[PDB]
Amino acid sequence: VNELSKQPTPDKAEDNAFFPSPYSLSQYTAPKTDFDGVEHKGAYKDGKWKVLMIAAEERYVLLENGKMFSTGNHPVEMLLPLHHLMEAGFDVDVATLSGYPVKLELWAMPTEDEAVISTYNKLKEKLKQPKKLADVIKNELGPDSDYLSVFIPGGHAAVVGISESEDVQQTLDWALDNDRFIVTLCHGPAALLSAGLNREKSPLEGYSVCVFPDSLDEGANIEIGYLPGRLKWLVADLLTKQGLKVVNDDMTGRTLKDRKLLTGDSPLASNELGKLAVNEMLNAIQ
Amino acid sequence: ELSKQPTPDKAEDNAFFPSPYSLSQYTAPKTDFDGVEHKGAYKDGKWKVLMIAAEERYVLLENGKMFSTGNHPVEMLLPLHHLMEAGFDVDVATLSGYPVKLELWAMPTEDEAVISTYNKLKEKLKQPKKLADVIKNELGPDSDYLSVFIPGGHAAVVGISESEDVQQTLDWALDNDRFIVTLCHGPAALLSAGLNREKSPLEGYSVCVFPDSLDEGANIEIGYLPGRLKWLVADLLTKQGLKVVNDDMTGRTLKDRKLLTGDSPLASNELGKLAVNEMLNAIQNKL
């Protein structure tokens, strides 16, 4: 079990595209999460407030050497926080930039965790046929929106399309203008780069965030064959050049609240970000 | 005996490639390509082809399973070989600028024409233009695009069939006398001309389309599809008032004004020939 290959495994559906190495899956994934119970089982009861998830619809990330990383949204990052929220009484709607199926990193699916798998099963229909984010902006936002918060889970695929979208931009500008939560972790914060699009100054300038660290993406992830190549830019770097305070440089499961921007650093931070989100959302219903 | 069971796709939940049996029947290491007919015929470097390619690989089916598909690589690459050899360059667009999803299991590995065309286009297939950027900067009456090309594969059914960007692209071609060239499930893209309108501008147009009877029947029984399509292309186009000209798959092609179609992967080679001749003839008409 320390003889497992360090080489990335090819994805036969795609040209020159690679899953993470069998060794890296041993160090970074697990059949069970650190989850041990929800705090606020049924606290909210009016059935009005909802979470809006913007998820990833493109699985493949083009790298510097021309190879592609077969990724997706990380499923623990998506599904653990959502177990907390749904159990607290907050229903969930899923959107992608085009209405395409949601792409997960199914190689990180913790197959033995009941809470995550049943969460995945309650969400399957919405993941396979999401709403179109432009349809959401047009009809379901504005000042009387029933959406209390926007959730952007991570995984490497969040780096693509979501980081340079005017539809994501408009969605962030609503949540600031209506005092709504933006919840995000991992690479999820690349979504935030969309706020500064076609603009001299991002309206998130001076916000503080947890971000997956540069040094891991450029070093350790590349040497254990998790990524088969180098990213062409890095999320923590470009968030800084837009005037955000990247409050961490390590991967400790750290979480952070700054006004209504709640963030997590990595997959390790999933279970806690779920608690933070539930807590801060029940705190704003008064 | 090859199995008629769909083969799982590791990358996606409850998703399947076609069954080994269906592959042994519907795919081949070689195409019937037997040469282009107008090598070097167009020599100004002005006119080009705008290809609109599929960027989603998974089709959700009536039974909850997903078909792992993409654009058909023969329907794509063979017509582009003809056009490129004739002297027309090609630019690739998708609806978001995501990479092009091909049905890599249909890739004829032994065919020099198709592999060659693929390797030239690799760069552009992996980083396409975004169709709306194209709409904003590269259409109008002085566009260097002489045709739009939409290839089939079952993936054309997704997005492209309900897109405002594809709709404006088709309006542009009608209004500036450009070719629309499509085949197989690709004509599903033409349903976009009818978005938010009582009457599609493509009403009364006659087309070749992959037949309803094969998708509902044979494709299911040999495990090419792992379940039924929720809607059928010939059926929806007929409902928008296009005339669907074929009920079978035989490699039939049709020209109706500047809309050139073929019925299936069988038509690929004759459609490239047909596009090239039509475009060369249109260039000779303007002098």
Side-chain angles (χ1 to χ4, degrees), chain B residues 36-55 71 73 75-100 102 113-114 116-152 156 160 163 165-183 186 189-190 192 255 257-262 268-269 271-287:
Chain B
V36 313
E37 294 174 327
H38 305 268
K39 179 137 198 165
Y42 174 68
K43 289 180 230 281
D44 305 45
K46 177 164 140 51
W47 295 122
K48 323 184 161 156
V49 176
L50 184 65
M51 183 173 55
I52 292 161
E55 72 186 347
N71 286 119
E75 292 174 7
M76 194 167 102
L77 301 153
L78 204 66
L80 300 174
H81 191 74
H82 281 275
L83 295 149
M84 282 192 263
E85 294 310 289
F88 303 100
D89 201 9
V90 317
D91 281 294
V92 190
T94 56
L95 298 194
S96 320
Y98 302 147
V100 170
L102 297 167
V114 170
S116 171
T117 290
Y118 182 53
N119 299 333
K120 286 212 238 308
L121 295 173
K122 234 155 184 162
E123 203 150 321
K124 296 187 183 169
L125 298 169
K126 307 222 158 182
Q127 275 179 108
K129 300 178 195 264
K130 196 252 157 291
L131 182 53
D133 292 4
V134 169
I135 283 158
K136 186 171 72 234
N137 295 324
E138 303 167 62
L139 301 198
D142 308 309
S143 193
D144 287 338
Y145 298 126
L146 186 51
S147 316
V148 199
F149 169 64
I150 305 68
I160 280 163
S163 169
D165 285 331
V166 175
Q167 182 177 58
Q168 297 169 247
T169 308
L170 308 175
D171 287 328
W172 162 81
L174 285 169
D175 288 342
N176 295 121
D177 205 45
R178 312 283 152 111
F179 292 95
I180 300 159
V181 180
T182 182
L183 77 170
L190 309 182
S192 297
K255 159 172 157 270
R257 289 152 286 179
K258 298 201 164 61
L259 176 63
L260 318 182
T261 56
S268 296
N269 198 53
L271 187 73
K273 291 174 183 183
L274 176 68
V276 173
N277 295 320
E278 281 323 281
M279 292 175 51
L280 291 162
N281 184 255
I283 292 155
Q284 191 54 26
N285 276 330
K286 307 218 164 156
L287 52 92

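To find a chain, count down the sequence lines: A is the first, B the second, and so on, and within it residues start at 1. Side chains included, hydrogens not; waters and symmetry mates left out as well; all remaining heavy atoms used.
With rounding to the nearest 0.5 angstrom, the CG atom of B:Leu280 is 11.5 Å from the CG atom of B:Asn285. Note that CG of B:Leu102 and CG of B:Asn71 are 6.0 Å apart. Values are rounded to the nearest 0.5 Å. From B:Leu131, atom CG reaches atom CD of B:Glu138 across 10.0 Å, with rounding to the nearest 0.5 Å. Taken to the nearest 0.5 Å, the CG atom of B:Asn176 stands 10.5 Å off from the CG atom of B:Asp171. A distance of 6.5 Å separates CD1 of B:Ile135 from NZ of B:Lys130, quoted to the nearest 0.5 Å. If you take CD on B:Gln168 and CG on B:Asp165, they are separated by 6.0 Å, rounding to the nearest 0.5 Å.
When atom types are taken as modelled, the side chain of B:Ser163 and the backbone of B:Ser192 share no donor-acceptor pair closer than 3.5 angstrom. With hydrogens and angles disregarded, a donor-acceptor distance shorter than 3.5 Å links the side chain of B:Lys124 to the backbone of B:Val90. Of the possible donor and acceptor atoms, one in the side chain of B:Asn277 sits under 3.5 Å from a partner among the backbone N and O of B:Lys273.
Counting heavy atoms from C-beta on, the side chains of B:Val166 and B:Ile150 never come closer than 4.5 Å. Counting only heavy atoms from C-beta outward, the side chains of B:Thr117 and B:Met84 approach each other to under 4.5 Å. Between B:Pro73 and B:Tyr118 there is no side-chain heavy-atom pair separated by less than 4.5 Å. Using a 4.5 Å cut-off on side-chain heavy atoms (C-beta onward), B:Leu146 and B:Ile283 make contact. Inter-residue side-chain proximity for B:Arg178 and B:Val148 is flagged as unmet; no heavy-atom pair is nearer than 4.5 Å.
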Where do B:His82 and B:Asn269 land on the side chain to side chain contact (heavy atoms under 4.5 Å, CB included) test, with the steps shown first? CA-CA 8 Å; B:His82 281 275; B:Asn269 198 53; 2.9 Å; yes
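The aromatic rings of B:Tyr145 and B:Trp172 stand perpendicular to each other, their planes meeting at an angle above 60°, with 30° marking the opposite boundary.
In the displayed structure, B:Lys39 atom NZ is contacted under 6.0 Å by at most 12 heavy atoms of other residues, nucleotides or ligands.
For B:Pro128, the side-chain contact (heavy atoms from CB on, under 4.5 Å) test picks out B:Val92, B:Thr94, B:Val100, with sequence neighbours left out. Remark: B:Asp133 pairs with no residue by the salt bridge (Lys or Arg N to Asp or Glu O under 4.0 Å) rule, at least two apart or across chains.
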